[PDB]
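In the block that follows, a single chain appears as structure tokens, in the form deposited in one PDB entry.
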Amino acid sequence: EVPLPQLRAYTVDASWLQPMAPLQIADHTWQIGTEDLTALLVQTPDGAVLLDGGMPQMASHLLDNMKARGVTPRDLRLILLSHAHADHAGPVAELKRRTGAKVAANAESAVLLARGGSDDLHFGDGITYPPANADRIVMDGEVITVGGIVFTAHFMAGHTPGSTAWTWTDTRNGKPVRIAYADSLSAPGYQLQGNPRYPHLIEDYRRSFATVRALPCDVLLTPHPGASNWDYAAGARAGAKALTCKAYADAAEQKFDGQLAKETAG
């Protein structure tokens, strides 16, 4: 006789879980996650902002890296998200319990975060994480200002309904650097055409390619660094090969068109 299957944990490549020391991107912006998952710390005189946290088990490592940067738990004021999947929003609930931080997100990301990624449009309950509540709901194009750094939300629905690009301006070598943290544009295993849970999926992805192609973007970063050709382990050359926003959008669109053709053939 045959029991029901055991629950399967969301397991990932080791590099996604490999801790790294903080890597400086610009004068106030640092990568503080793992070798293969982005978690950006932006340090202002009026507190710190974290954009993404990676996987659920990364909370203590993130807090250690914040401490190394001079950011104590009370100094973390705001958490922003690219999208509310387990590999990017995983440790948010724990970070809220252990720091002063509040979460700002759009309505779609907020509802997915509040269910811990369960009832995902494409994954069901296969990839979940501890639920968290948003403290502020943002609209498309809304700005949030922390210590004079202005973060602008650009909705780019597709990978999730609530997928968002965040943009801000930092400095480097005395000159402004317009940073674009653009969300994933992948559709891994998704049913694209005629999806009853996401009827306008294709139209949304197409608009999102155009949104990403037009972002203010001297430096592009992505939740999975390989998607924008970053190599966080490469030290002084980590960002040397990074794509432009235009090249990232074009590559994602070509991949998407090929996936559509393969789905029609399947």
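Shifts are known only where both forms have a C-alpha. Counting begins at 1, following the sequence as shown. So that the term is clear: the rigid core is the largest set of C-alpha atoms that superpose within 1.5 Å between two forms.
One more form of this protein, deposited in another entry, exists but is not displayed; see below.
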After fitting the core, residue 242 CA displacement of 2 Å or more between this form and the one not shown: no
Post core alignment: residue 254 C-alpha displaced by 2 Å or more between this form and the one not shown: no
Threshold 2 Å Cα movement between this form and the one not shown at residue 15, rigid core reference: yes
In that other deposited form, shift in Cα separation for residue 7 relative to residue 38, 3 Å or more: farther
Shift in CA distance, residue 7 and residue 188, in that other deposited form relative to the form shown here, given it is 3 Å or more: farther
Regions of at least 3 residues displaced between this form and the one not shown by 2 angstroms or more (CA, core superposed): 1-16
